[PDB]
C-alpha cells in the first residue's frame, strides 16, 4: 500500500453479530483465493527478511514435535515456540527490525507506542538494545505488575487514559507533537519483515509442511510468514486462525475490503483486533490459503494440550493457532502430514487460568 499518516479511519463499520459469520465449524477452511502479489515486491521482502538483524535480540525458537497431540491426531504436529523469546512472545522481532532501520537522529529523539502488553515489551527491549528511549503509553488503569514488566526492560512508561484507545490516541498525538517516531504493532513493512524471519526459521527447521497455522490479530505475523513461505515453499498452505468473536480478518477477506467490527470478544486479548492493517490485509488477499475459526473452549483446550505435553502455559492468543491446527486436522481427517502451529506468546495473568480450566473442562 501507501503509508496512511494523518487521516482518521473511515473504514466501513460492521455490527459484530453471530448472523454475519460464515457458518463453519472449528477447523473448517474458509477459502481465500490468493491474487498472487507482485514478484518484485515479494522479492524485496524476501531479501529484507533475510537481512533482518532480529538475532540481536531474538533466538531461533524451537520447533517442537508435540508427542501427545501427534499421537491423537495421527499427524506430525509441530509447535513453533515463540513464547520462548526473551519477552515471551514473537513481538520483539518486528519492533527491533523496524526500529533498527531508524536514523540515529530519530532514535536520539526517542520513539513512542501505546501498549501495556506484548508489543510494549518488544519495543522497550529494542529500545534498550538500540540505546534509545522508548516511551510506552499505557492507560492509568494498568496492573502495576505490567508497568513494572515494561519498566524492567528500560521502558519510559507513561500513564494516560482509561482504555487502550485513549492511551493510543494520546501516544499518537504526542507522536506528532513531540516529533517522536511511532512504532506500530503490525501495520508496517518494517514490522512485517521482522515477523517474517519466523518463516525463514520454520522452513529451515522443517520441509514438506502441509500447512502452517498462524494467529491473526492485526495481521503482521501472518503477512510476514506468508511472504517468505509462498515464495520458498509454495505448496505449503498458509492458514490464519481467529476467534469467532473477533473475526476481523476473516470478515474483511470475505467482504473484499477491510471491515471494522463494532466490538470484539477479548478472551484472546492479543488477537482482539477490530480493524486489521492496511499492508497486512493486502498481503493476506495476495498470499494466504484461507482462514479457520475457533471458539474460546477450543482455545482453552489447546492451552491444556500444551500443558499436557510439558507443563508450559501459553496465553490464550498464543494457543489460538494450535486450536485451529488441531480442529483442521480432525475436520479433514489429515493423516501422516507435517503440520505447524505457531505458539505466539505466553504473557497471561496467572488468575486467568481460572476461566481457562472451566472452558477446557468442557471437552
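Positions refer to the first chain, counted from 1.
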### Query
185-193 versus 163-171: which one carries the higher mean Cα B factor per the record?
163-171
### Query
Mean CA B-factor: is it higher for 259-267 or for 149-157?
149-157
### Query
When the CA B-factors of 241, 253, 124, 102 are compared as recorded in the entry, which is the largest?
102
## Note on the structure
Looking only at 273, 202, 98, 133, the Cα with the top B-factor belongs to 133
### Message
Per the entry's values, where does residue 210 land by CA temperature factor relative to the rest of its chain, in the lowest, middle or highest third?
### Response
middle
### Query
residue 106's Cα B-factor: lowest, middle or highest third of the chain?
highest
## Note on the structure
Chain-relative C-alpha B factor for residue 25 (record values, thirds): the middle
### Task
Would you check the entry's CA temperature factor for residue 180 and let me know if it's in the chain's lowest, middle or highest third?
highest
### Message
Where does the C-alpha B-factor of residue 297 rank in its chain, lowest, middle or highest third?
### Response
lowest
